[PDB]
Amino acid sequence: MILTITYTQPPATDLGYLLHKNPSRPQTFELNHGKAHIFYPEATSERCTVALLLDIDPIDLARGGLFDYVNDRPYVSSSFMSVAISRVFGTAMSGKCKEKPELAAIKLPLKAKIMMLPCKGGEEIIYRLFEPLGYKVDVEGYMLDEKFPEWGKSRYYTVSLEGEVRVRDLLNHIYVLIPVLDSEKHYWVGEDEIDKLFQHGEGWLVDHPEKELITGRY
């Protein structure tokens, strides 16, 4: 439900120009079946962190079986997170930054956190997808209910990425790779938008060692 991006090269507030969002001005964007919020929990010379928050309406979602009404969709980083990234960070994804063109053209020290990514294939799939792009990848998992350990573990993983990468590459990688894990995407949107967010791979994807796996899941 949450994506954060953290930058620590002084002046770290440069993250604001690169993402085309003023750290002092929180914003809300409209999505299909809800909203996305962007704001900066921290913004100093030493450390800047941006947050992208999904605000999914459970009623409008269902109107678009019992588990059509009660489900994990409002709380996970599904393809909705990709759709939101494109809606909020579209210019940064393209590589444009007229205020800091030099920073946008080079590798920057960056950290990203993606919460509650549902993944049927486990940790293994996540490493196979992100490691070959050069990230240092941290994964943590969760039990379904700590009062009922017998129910076993969830299929949710919170993923940490760290590396030296261009802003546009970090955004593109997450934009394209998140839906690879979303086994129920063709259910919640179907065809129109799914095609839109596969066209974006037109480069590194053809060279990704998991091209088959990625093209398959689509």
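Position 1 is the first residue in the sequence shown; the rest follow in order.
In this entry, no coordinate-free residues of the deposited sequence separate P149 from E150. Relative to its counterpart among 88-96 and 75-83, 88-96 has the higher mean temperature factor, C-alpha atoms as listed in the PDB entry. Here the stretch with the larger average CA B-factor, out of 156-164 and 24-32, is 24-32. Of the residues listed, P41, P58, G65, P179, the entry assigns the biggest Cα temperature factor to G65. Among the modelled residues of its chain, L53 has a C-alpha B-factor that falls in the middle third according to the deposited record.
Placement of the Cα temperature factor of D138 within the chain: lowest third of the modelled residues, per the deposited record. Among the modelled residues of the chain, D145 sits in the lowest third by CA temperature factor in this PDB entry.
Per the PDB record, residue ranking by Cα B-factor puts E131 in the middle third of the chain.
Sort the modelled residues of the chain by CA B factor and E123 lands in the lowest third.
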